[PDB]
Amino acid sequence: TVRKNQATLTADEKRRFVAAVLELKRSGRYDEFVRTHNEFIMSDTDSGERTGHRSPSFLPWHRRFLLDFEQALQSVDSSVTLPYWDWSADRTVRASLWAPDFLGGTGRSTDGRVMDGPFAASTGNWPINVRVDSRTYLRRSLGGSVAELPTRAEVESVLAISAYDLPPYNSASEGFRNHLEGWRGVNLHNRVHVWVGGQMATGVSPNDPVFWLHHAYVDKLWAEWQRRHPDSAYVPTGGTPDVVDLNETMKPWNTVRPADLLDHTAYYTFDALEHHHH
């Protein structure tokens, strides 16, 4: 399995990815990923149990969640893999990402409703079922609530942070994980959710298929960080209340640990990933 930059997919790969996503939606499997994510986003807290985000396991948890999702795609079409969206490079509303042949574009001004692409409510193929309000159509406001996506220089500043994570291992932490997640610093991952708007800015963000491409790029940045810092590794390493330690298993699967997910190459490779160097 090779995960490719979305900007490079062939028209045939785009078609097959779109069809596989829509089949997971049709069969009811897609909405359960939305539901799982929402449960963790609403339950993880800075002073209590935290697993899916605001915590060191933000990265391995999303790596396994994305693997779950990619395996479900591959059960429909074994040729499909998750593409990633480098939002530092493809940073405008006119990126091919947002074209009608791929994810469709931004929402109309009146109600945020996405009007084109395969996931537009008018197709009949993308009901928003797992939701926090009455609206049942995909919404987006690209670049609405925040001016700009992160730039490469900003990403590089975070990649340069050597410590994986630091006590208190939450949204107040210093270190790489929380700067990539975005609760501190120039803000990478949280700001992208805000920039897309619509359901991507909410507690039911996998309702937008761009969620997967966003997180596939966050996951690639973890792999880039590892290459930059081969002397750094996941922390904490045991005995930390409320936090998933390196060799502890993670909900909801219960059968996998951060330790089992640190080396992505056991599961997939990237189209390009820079080697360690000085």
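Just count from 1 along the sequence shown to find any residue number. By rigid core we mean the largest C-alpha set that fits within 1.5 Å across both forms.
The stretch that strays farther, by root mean square C-alpha distance over structures and residues in 8 other deposited structures of this protein after a rigid core fit, is 133-141, when 181-189 is set against 133-141. The stretch 100-108 shows the higher mean C-alpha B-factor when 100-108 is compared against 201-209 in the entry. Relative to its counterpart among 121-129 and 90-98, 90-98 has the higher mean temperature factor, C-alpha atoms as listed in the PDB entry. Within the listed group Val186, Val194, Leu180, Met115, the record reports its top CA B-factor for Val186.
Comparing the C-alpha B-factors of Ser171, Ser145, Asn190, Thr136 in the entry, the top value falls on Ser145. Annotation for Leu262: C-alpha temperature factor in the middle third relative to the rest of the modelled chain, per the entry. For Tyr217, the recorded CA temperature factor ranks within the lowest third of the chain's modelled residues. In the deposited entry, the Cα temperature factor of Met42 sits in the top third of values across the chain's modelled residues.
Ranked against the other modelled residues of its chain, the C-alpha B-factor of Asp245 as given in the entry falls in the middle third. For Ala11, the recorded CA temperature factor ranks within the highest third of the chain's modelled residues.
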